[PDB]
Every structure is written in structure tokens, then in C-alpha cells.
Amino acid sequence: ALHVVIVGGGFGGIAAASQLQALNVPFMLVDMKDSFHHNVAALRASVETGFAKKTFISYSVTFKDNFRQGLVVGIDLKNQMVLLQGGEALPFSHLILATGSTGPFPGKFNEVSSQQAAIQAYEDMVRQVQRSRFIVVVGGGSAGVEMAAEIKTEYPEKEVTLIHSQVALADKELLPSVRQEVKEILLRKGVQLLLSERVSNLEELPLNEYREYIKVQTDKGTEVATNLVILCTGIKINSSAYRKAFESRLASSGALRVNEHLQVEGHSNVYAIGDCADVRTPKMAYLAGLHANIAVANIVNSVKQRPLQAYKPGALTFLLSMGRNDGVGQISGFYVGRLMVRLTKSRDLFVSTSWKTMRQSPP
């Protein structure tokens, strides 16, 4: 009877599939790519030659028979089936939805693709950055703040402007001390900040592509002349697998309503983990891992007739790398500075934790 299907192999889904496989529980991991994407490092991968090969990890080397590359197009709840484009139906005793989020390319790569194509996409982007003397980053959230710092750190000679629609940078959940220091670090690197300005001609702009002249405009009348436009304008919940089947149980974002055991509302053998769960914390790979531990444990506790584990958030820990040499953040809601973030995140961007989880060695 027992068989756990995991929709999505991001941070959540490979933590779940690793755990299930190590317990020899019957399971199937489904993802549209052939490789796990360490997207935490995607921004460095768009800046450093030869780095992208280190951010994609073949699923089938790690999971073999229990991994299927396919696009989930629906879930049949009365027959307990996951429906794949091309006609495959996977039955389940327990379902884990780990579909994460979608957004503009450099920061997210969600295509039915091979590892070699994915890698080449990032290598193309490095060549775009390298060619461009003038670069605009759109969006001053936690993503675009890292984009701008990565460019200016790897190429100080380049001119980098960041345009953000708010008065302060990065997440509104962060201690004001972290958000002020993000700004100051950006300024000390030489990044041009254009705050409280929304870019207004986005739908006409060539993206991720060097041009001799691109005119960027804002809603306050500012014009910025540039060679390259990179979008860090934010993400959307990827509800493509499940929106039809779970329509009544969705948040307004598209995320799934859960209880503290991460069971989807109305169900006992369906769980949501990571960005697609309607937990009201910022979207973090770290929390994806923690939701994977709870969901896998609760499937086992659910079948073993043991009480279930609960998720109760602690104070926000959140680190911003500011190039490979700098950064700032907070640990359990307390400020931390360059030395800590530099070695914990900035140097490696957690890449080697994904290789370890996957039992592979980086190329």
C-alpha cells in the first residue's frame, strides 16, 4: 500500500527523497528537470565562468528507479494518482507537494531541460555580463541586492545600478540594522542606488542580453542608459501541479493551507513543504529542508500510529551574501556581520551541502 510521491525536486523535495530512500520507504520523486538546481547560487553562476556546472546535480545518479523526469499536469484525488504530461499516472498512499516558486530566469530555472542545456543558459548569461560595461538590476529585494553585489565584486570596473520601488532594500521582516547595512555595503562597493522608483517600460525591454544601448525608464520620469537588464522583480508560487485538484484549499498566493503538521487542509496523507506551503515566513531553502523532515517523519508516524510532529517557527535567521567577500544578516533575530556571513554563506553559497545530500561529487 505505502508509496510516497514527491512532486518537485527543489530543496524540499530532495531532502524528502534522500530521507525516504535512506529509510527504504517506497517513493517516487518527480521533477521537470533532470537535475536539482541549487538556485541559491544561481546569481554567482550568472557571473562566474565555469561555476554553473557546480549548481546542477543529476537526480538519476542519486535516485535511479525512484526518480522520473516529467511535468506534473494534475492530481487525481479520488484515485490517488499524480498525472504526468504524456500519460503517466503514479499512485500514492501519501503525497508531498514541493513545487516551490517561479520567477525571472537568472534567479530561477524551471524548464523541461537537460543539465547541459541549463548549464549553457547560465554560461550565456556570464558572457552577457562580461560584455556589458553598464548594467541595471531591477528589484531591490533580497535577490537583487545579491545580484548587484555579485556583479560589482567580480567586476569592480563595471557600472551597476539597482532600481527598487521601496524606500529600503531587502525583506521587510529583517531587523532595520541588517537592511541599513545592506544599503551601506552596496554603496561602499560603488553600486548606484535608485530607490523609491519603479521601472515602467519592463515589457518592452530585451532581458538578459547585452545591447549597445537600452533605455530604462521609471515611473518618476528617470531614464537610465544601460547595456544589460537583469530582473530580480520577485517570485510567484508554482501551483501548476495542484491548483485544479486543491482549488478550495489554496491561499491567495497560490500556496497550500496546512496545519502545524504540514498536512494540507482537508487531507491527512497530503503534505506541502517549502515555498508552496502557506507558512507565513520568508521563502527559504533552509525551511524547505525543515518542512521535509517534519513531513517525512509524519508520514512514518501516521502509518506507525505514533503522534505527529509540529512546526513552530523560531526567530528569523536570514543571511545576505554581498559578493564572495562580504555580507550581513541575523541569527535568531540578532545582527551578524561580515566575518560570520563571509564564511557561512558568501564563500560557498551552501553548494557543497547539496552535493553531500545527493551523494555526488561536484564536477
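Basically, rigid core = biggest C-alpha set you can superpose within 1.5 Å across the two forms. We number the residues from 1 along the sequence you see.
S.K.: So which moves more in 5 other deposited structures of this protein by CA, 309 to 317 or 52 to 60, given a superposition on the core?
M.R.: Stretch with the higher C-alpha RMS distance in 5 other deposited structures of this protein: 309 to 317.
S.K.: Name the stretch, 157 to 165 or 246 to 254, whose C-alpha atoms sit farther from the shown form on average in 5 other deposited structures of this protein, taking the rigid core as the superposition reference.
M.R.: Comparing 157 to 165 with 246 to 254, the larger C-alpha deviation in 5 other deposited structures of this protein belongs to 246 to 254.
S.K.: Tell me which stretch, 152 to 160 or 199 to 207, has the higher mean Cα B-factor listed in the entry.
M.R.: Looking at the record's C-alpha B-factors, the answer is 199 to 207.
S.K.: Which of the two stretches, 294 to 302 or 31 to 39, shows the higher mean Cα temperature factor in the record?
M.R.: Averaging CA B-factors over each stretch, the winner is 294 to 302.
S.K.: Comparing recorded Cα B-factors across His94, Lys283, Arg127, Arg179, which one is largest?
M.R.: Result of the comparison over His94, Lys283, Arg127, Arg179: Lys283.
S.K.: Just to confirm, going by the entry's C-alpha B-factors, which of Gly141, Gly107, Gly221, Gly266 comes out highest?
M.R.: So the option with the highest C-alpha B-factor is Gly266.
S.K.: Sorting the chain's modelled residues by C-alpha B-factor, tell me whether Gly289 ends up in the lowest, middle or highest third.
M.R.: Middle third, going by the recorded CA B-factors of the chain.
S.K.: State the tercile, meaning the lowest, middle or highest third, of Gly274 with respect to the CA B-factors recorded for its chain.
M.R.: It falls in the bottom third of the chain.
S.K.: Is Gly234 in the lowest, middle or highest third of its chain when residues are ranked by C-alpha B-factor?
M.R.: Lowest third of the chain for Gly234's C-alpha B-factor.
S.K.: Taking the C-alpha B-factors as the PDB entry records them, is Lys312 in the lowest, middle or highest third of its chain?
M.R.: Ranked within chain, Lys312 CA B lands in the highest tercile.
S.K.: By the recorded C-alpha temperature factor, relative to the other modelled residues in its chain, which third is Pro26 in?
M.R.: Within its chain, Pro26 is a middle-third residue by C-alpha B-factor, going by the deposited values.
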